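Colleague: task: produce atomic coordinates for the following.
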Amino acid sequence: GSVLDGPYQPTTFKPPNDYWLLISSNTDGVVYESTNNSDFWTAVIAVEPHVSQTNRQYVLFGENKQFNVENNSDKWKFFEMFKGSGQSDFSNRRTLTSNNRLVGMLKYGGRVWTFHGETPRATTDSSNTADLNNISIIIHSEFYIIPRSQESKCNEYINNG
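Modeller: Residues are numbered from 1 along each chain as shown. Coordinates below:
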């Protein structure tokens, strides 16, 4: 608990480099929208347990977007939708399956890192960006900030709540 700075209310801001944002989702839909409007876009979308394959409609980066989602599990799913250029389609780059309902985002070096997989064995991987410092995030939920050096405790929160 000594590494948690928060909770903060839903916020639009430029997150600092070298901190995990630990974002607490309390409903289905858009959890956050992050972009630099050049080479990096990520949105995370929450889907509640026991959702039969379906199209759902969202608003991402000011646009109406349809995504095909499925959650036949008893856990929440958090679908990471990525694109690397303005005109590209989104891809479901990674998913987190979790009833802890926390997602993580870290800006570090030339990459943005997140958690994926199924709790309690969720792990991290990354997207590249050549413009880390123009990333703005719209966070639709409460969140906490954890220094990158304390990632082991962030991992524990993702995996255990």
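Colleague: please count neighbours and contacts with C-alpha atoms only from this point.
Modeller: Fine.
Colleague: can you tell me which residue is nearest the centre of the chain?
Modeller: residue 44 (4.6 Å; C-alpha atoms, centre = their mean).
Colleague: strands of this protein, start to end?
Modeller: 5-8, 11-13, 19-24, 29-35, 41-47, 51-60, 63-71, 76-83, 91-98, 102-108, 111-118, 123-128, 136-139, 142-147 (DSSP state E).
Colleague: for the shortest one, which strands pair with it and how are they oriented?
Modeller: Partner strands and pairing direction for strand 11-13 (DSSP bridges) are strand 136-139 (antiparallel).
Colleague: dump the strands of the chain to JSON lines, plus distance to residue 155.
Modeller: Below are those laid out as JSON lines (distance: least, C-alpha to C-alpha, whole Å):
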{"stretch": "strand 5-8", "distance to residue 155": "15"}
{"stretch": "strand 11-13", "distance to residue 155": "23"}
{"stretch": "strand 19-24", "distance to residue 155": "10"}
{"stretch": "strand 29-35", "distance to residue 155": "19"}
{"stretch": "strand 41-47", "distance to residue 155": "18"}
{"stretch": "strand 51-60", "distance to residue 155": "27"}
{"stretch": "strand 63-71", "distance to residue 155": "23"}
{"stretch": "strand 76-83", "distance to residue 155": "16"}
{"stretch": "strand 91-98", "distance to residue 155": "13"}
{"stretch": "strand 102-108", "distance to residue 155": "9"}
{"stretch": "strand 111-118", "distance to residue 155": "8"}
{"stretch": "strand 123-128", "distance to residue 155": "8"}
{"stretch": "strand 136-139", "distance to residue 155": "20"}
{"stretch": "strand 142-147", "distance to residue 155": "11"}
